[PDB]
Amino acid sequence: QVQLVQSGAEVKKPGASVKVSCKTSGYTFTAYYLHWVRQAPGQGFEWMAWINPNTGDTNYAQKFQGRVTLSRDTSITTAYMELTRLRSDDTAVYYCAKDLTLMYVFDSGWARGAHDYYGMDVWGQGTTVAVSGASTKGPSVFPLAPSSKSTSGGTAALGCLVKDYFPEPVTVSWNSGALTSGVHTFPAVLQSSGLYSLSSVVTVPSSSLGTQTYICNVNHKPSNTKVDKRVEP
Amino acid sequence: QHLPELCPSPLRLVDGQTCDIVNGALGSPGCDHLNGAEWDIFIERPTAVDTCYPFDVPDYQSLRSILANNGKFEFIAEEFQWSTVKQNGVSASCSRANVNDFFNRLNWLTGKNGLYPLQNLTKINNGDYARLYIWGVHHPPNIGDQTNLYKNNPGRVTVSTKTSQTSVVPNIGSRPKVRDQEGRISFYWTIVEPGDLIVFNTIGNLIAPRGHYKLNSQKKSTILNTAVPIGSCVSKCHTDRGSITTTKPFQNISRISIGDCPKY
Amino acid sequence: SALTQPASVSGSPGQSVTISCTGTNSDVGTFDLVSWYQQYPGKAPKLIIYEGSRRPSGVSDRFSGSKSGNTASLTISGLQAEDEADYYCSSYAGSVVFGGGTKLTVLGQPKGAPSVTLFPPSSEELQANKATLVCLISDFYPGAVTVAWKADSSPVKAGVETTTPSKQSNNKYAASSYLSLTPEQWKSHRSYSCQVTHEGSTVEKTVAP
Ligand SMILES: *[C@@H]1O[C@H](CO[C@@H]2O[C@@H](C)[C@@H](O)[C@@H](O)[C@@H]2O)[C@@H](O[C@@H]2O[C@H](CO[C@@H]3O[C@@H](C)[C@@H](O)[C@@H](O)[C@@H]3O)[C@@H](O[C@@H]3O[C@H](CO)[C@@H](O)[C@H](O)[C@@H]3O)[C@H](O)[C@H]2NC(C)=O)[C@H](O)[C@H]1NC(C)=O
């Protein structure tokens, strides 16, 4: 049982600095190298630098030399990775991973000659880092009506729009949780202004138009905003 | 009457600064200067200390005298190839210029990622000289290290020839602290005459050699332990505490005499 | 430092799928000893094969890799069941090099049924002059859906947003595309259409003010 714990998700304005911590467990923290790699949305992985937990030796990449800086803590196995002068380009999921090669044996005083890469066998759960130049703000909720022409027995759908909210997640429930069947919350769409926008729809019977009252409940914990909106034909 | 300075005038002397003649052949960090030198008499200072990995040599007396009586420290570079292993293992107790180093004339093998398969390599000697191979067997101080270095609980070293064979299975145990290292190495030697072959076969725990030595047996070469340093006078005789330059055949100085020297 | 991988691999269940890997001149031909990984959607990746062909404790025998000159391949010969994931690859070319990634698709019936529903801008949006239109596509199996907007039989490209197809609870997919404009542009035009080209059947939804 080997596990890697990473610090929580963070949002920074451009030009700020970020610090992420990785805490190992179940293996000798000083007997293996340590890697740091990021994965952009819809992109592949990109390695940054490695650090020697037994000596503190480091080696960076050219793209991140002068901005990133690693650190190690012998007690409690927490490694760190500070990136200074970050920019809007660096939006990626940063991972911490242990190299498979053993380099030292402390009881028998053995050491490996040089280092060779073979594979990163253990990965951290990942730290989602967002870098956007906007202001934190709650959403703007607007309703969406049902079908215009209908008969008896045919289903009709009505939605609930959410727009212009900067921090990532929103939670939408219908009738405080009583209306579950048909609820499908569509994922957001990043706009050219920076703020996301999604919508939640639910299929309902046409005979219940005007009979049952339907209210969408939107919660936005980052700015502490809760908006309830009733939809009417 | 004796002189307090050793004078090499016709003879050949070598100052073993910080190296006993045994550690001089292994290639310890302080023994870089001695390599590549012939001699008739090797001076061994009593202040010579251990520098590299703590070790022990069974039948140390034989290897000391054999290395002494040949008077040739030249080392033949023979390229060994090792299969599915990692070579050039270094140690921290063996510090050379504050870089974690190993014996300059030896090679330490360790498993790579997941296995340490059976090694099988030979070197037949057809040269006009006998070959001396110096190798060691590493004893882990814990059973857990026995599988991290060599991936086998019952390690084995079996170095054979056409007449002899020596199979050693290392014993695991904790030794007292000698430069922060509780592990020991057992060094053995095997002489290979012309027309004889030498075989190496180890499933684990081998300190492999990087070659062999040149042997010129039945040649005048010897060793002497003393603290008296070398001078610049002329004499063919050297004793346990100085040189003797007298004509009287009966001189009561010492019992250790090298050369055409007057008797007791 | 290229380590190029195919963009996608399609295969039927019960057969084998091969995902090759090639780099540039002598970059990958470097005592390969390559590694591979498997990354499920929204999950951390796992190491499946290291040193090109060896497996660690836990991976079944279905995963395998082999040496083909400058190319390194990976074979998945078992009844694919949950192998739908993004497969990456990594070697050493001065600074550990990573591959683009290949997504495996477990075979299933298309059963295409977008059921597009276009929704007019609400009165409160029109008050705020936001003037946003909502198209909702759902219940289709394939990977990608193509959308193109047009108003009054004139193609609209200014102010359109489109999201990635999202896997539903019943293994189908869905997505939503938006359109932002001004109320003075909505009242003047007489119709707003939303065309989804989905491997054969165009959606017929169109909203009238
Ligand atoms: C170790 O290797 C030797 C062979 O020599 C070494 O490996 C070669 C592949 C090659 O790289 C060479 O350069 C290198 O020196 C193996 O020795 C062979 O032994 C066979 C007999 O069985 C095995 O050895 C005996 C002594 C016992 O230890 C048994 O437990 C082993 O199973 C011999 O093979 C036969 O020899 C016949 C001679 O008349 C021949 O006619 C047959 O066709 C057949 O080859 C053979 O004597 C010998 N081979 C050589 C080249 O000497 C040995 O098996 C390897 N393994 C071990 C553990 O020692």
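Residues numbered from 1 in each chain as written, not as in the entry; some residues may be left out. Chains lettered and ligands numbered in written order. Heavy atoms only, no water.

The PDB entry lists chain C under the name Antibody light chain, from Homo sapiens. In the PDB, the title recorded for this entry is "Resurfaced influenza hemagglutinin in complex with a broadly neutralizing antibody".

Going by the annotation in the PDB entry, the name recorded for chain B is Influenza hemagglutinin HA1, with Influenza A virus given as the source organism.

Q: Would you explain the overall build of chain B in this entry?
A: Secondary structure summary: chain B contains 3 helices and 18 strands in total. Considering only C-alpha atoms, chain B reaches an extent of 70 × 45 × 30 Å along its principal axes. Summed over its atoms, the accessible surface of chain B is roughly 12,900 Å², and 48% of this surface lies on carbon and sulfur atoms. Between the mean site of the 26 positive side-chain charges and the mean site of the 22 negative ones, chain B shows a separation of 2 Å. (Helix = DSSP H or I, 4+ residues; strand = E, 2+ residues; numbered from the N terminus. Areas by Shrake-Rupley, 256 points an atom, 1.4 Å probe, with all protein chains shown as cover. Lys, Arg positive; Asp, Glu negative; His and termini not counted. Charge placed at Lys NZ, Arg CZ, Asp CG, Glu CD.)

Q: Would you take a moment to explain unusual backbone geometry for this structure?
A: Generally, phi is negative for residues other than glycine and the peptide bonds are trans, each holding for most cases. With a phi close to 60°, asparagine 224 of chain A is a non-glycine residue in the positive phi region. Judged by its relative accessible area of 68%, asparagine 224 of chain A is exposed. Even without being a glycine, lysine 151 of chain B presents a positive backbone phi close to 55°. Its location among the elements puts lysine 151 of chain B in the loop between α3 (143–149) and β10 (156–160). Given a relative accessible area of 43%, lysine 151 of chain B falls into the partly exposed group. (Buried < 20%, exposed > 50% of the residue type's maximum accessible area, 1.4 Å probe, protein only.)

Q: I tried to follow the interface of chain A and chain C on my own but got confused; where do I start?
A: Size of an interface, as often reported, equals the accessible area lost when the parts are brought together. Across the boundary between the two partners, chain A contributes 35 residues, which contact 38 residues of chain C. Around 3,000 Å² of area is buried between chain A and chain C when both sides are counted, 68% of it from carbon and sulfur atoms. Interface area lost by chain A to chain C is led by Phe45, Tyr117 and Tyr118 of chain A, which between them contribute 21%. Where chain A packs against chain C, one counts 2 salt bridges. Taken together, the links from chain A to chain C amount to 9 residue pairs in polar contact. For the side of chain A that touches chain C, the elements supplying multiple residues, two or more each, are β5 (45–51), β12 (120–123), β14 (140–144), β15 (155–165) and β18 (196–205) of chain A. (Contact = heavy atoms within 4.5 Å. Buried area = accessible area lost by both parts, 1.4 Å probe. Salt bridge = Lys/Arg side-chain N within 4 Å of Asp/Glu carboxyl O. Polar contact = N/O pair within 3.5 Å; in protein donor to acceptor, adjacent residues only side chain to side chain.)

Q: I keep staring at the domain arrangement of chain B and nothing clicks. Help me out?
A: All names here are of chain B. Partitioning chain B into domains gives domain 1 (1–11 + 229–264) and domain 2 (12–228). Taking only C-alpha atoms into account, the centre of domain 1 sits 35 Å from that of domain 2. On the domain 2 side, the residues contacting the 15 residues of domain 1 number 12 residues. Interface area, domain 1 with domain 2, both sides summed: about 1,100 Å², of which 72% is carbon and sulfur. Counting every contact that joins domain 1 to domain 2 gives 0 salt bridges. There are 1 residue pair in polar contact connecting domain 1 and domain 2. Grouping the amino acids of the side of domain 1 that touches domain 2 by side-chain chemistry returns 10 nonpolar, 2 polar and 3 charged. (Domains from an automatic or database assignment. Nonpolar A, V, L, I, M, F, W, Y, C, P; charged D, E, K, R; others polar.)

Q: Hey, could you run me through the sheet that holds strand β19 (residues 214–220) of chain A in this one?
A: All names here are of chain A. Spatial strand order, β16-β19-β20: 3 strands in an open sheet with antiparallel pairing. Each having just a single partner strand, β16 (171–174) and β20 (225–231) make up the two edges of the open sheet. Sheet twist, expressed as the mean angle between neighbouring strand axes with direction ignored, is 20°. (Pairing = 2+ DSSP bridges. Axes fitted to C-alpha atoms, helices over the stretch in contact; angles between N-to-C directions.)

Q: Sorry, what's going on with the packing of aromatic side chains here?
A: This structure, assessed with the given rule, holds 27 aromatic pairs over all chains. A ring pair is formed by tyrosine 95 of chain A and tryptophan 123 of chain A, whose centres lie 5.3 Å apart and whose planes are at 70°; its orientation type is edge-to-face. Taken together, the residues span a long stretch of sequence, with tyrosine 95 of chain A in strand β9 (residues 92–99) and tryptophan 123 of chain A in strand β12 at a distance of 28 residues. In this pair, the class of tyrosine 95 of chain A matches that of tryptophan 123 of chain A, namely buried. Relative to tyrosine 188 of chain B, the ring of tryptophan 135 of chain B lies with its centre 5.3 Å away and its plane at 45°, an arrangement referred to as tilted. Residue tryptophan 135 of chain B is found in strand β9 (residues 130–139), and its partner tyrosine 188 of chain B is found in strand β12 (residues 184–192); the two are separated by 53 residues along the sequence. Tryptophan 135 of chain B sits in the buried class, given a relative accessible area of 0%. Each residue in the set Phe45, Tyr95 and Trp123 of chain A together with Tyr37, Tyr88 and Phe98 of chain C is aromatic and connected to the rest through ring pairs, giving one cluster. We note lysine 98 of chain A situated over the ring of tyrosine 32 of chain A; from NZ or CZ to the ring centre the distance is 4.1 Å. (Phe/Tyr/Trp six-rings, centres within 6.5 Å; stacked < 30°, edge-to-face > 60°. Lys NZ or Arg CZ within 6 Å of the ring centre and 35° of its normal.)

Q: Help me understand the state of the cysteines in this model?
A: Here, the word disulfide means a covalent bond between the sulfur atoms of two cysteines. All names here are of chain B. Applying the stated criterion to the full structure yields 6 disulfides over all chains. Disulfide partner of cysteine 52: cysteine 94, at an S-S distance of 2.0 Å. Given an S-S torsion of about -100°, the disulfide between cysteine 52 and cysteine 94 has left-handed geometry. Within this pair, whereas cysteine 52 is found in the loop between β2 (41–44) and α2 (60–70), its partner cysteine 94 is found in the loop between β4 (90–91) and β5 (95–96), the two being separated by 42 residues in sequence. (Disulfide = S-S within 2.5 Å.)

Q: Where do I start with the nonpolar core in this structure?
A: Looking at soluble globular proteins, one finds that nonpolar side chains tend to be buried together. Counting residues in each nonpolar core, the largest one holds 55 residues, and the members touching the most others are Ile21, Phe103, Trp108, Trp135, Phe187 and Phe200 of chain B. A total of 6 residues in this core trace back to one element, the largest contributor, which is β9 of chain B. Aside from chain neighbours lying at most four places away, what touches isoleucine 21 of chain B is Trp39, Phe42, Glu44, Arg64, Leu67, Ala68, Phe73 and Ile223 of chain B. Counting residues in hydrophobic clusters, the runner-up holds 45 residues, among them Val18, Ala61, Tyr94 and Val131 of chain A. (Core = buried A, V, L, I, M, F, W, Y, C linked by side-chain atoms within 4.5 Å.)

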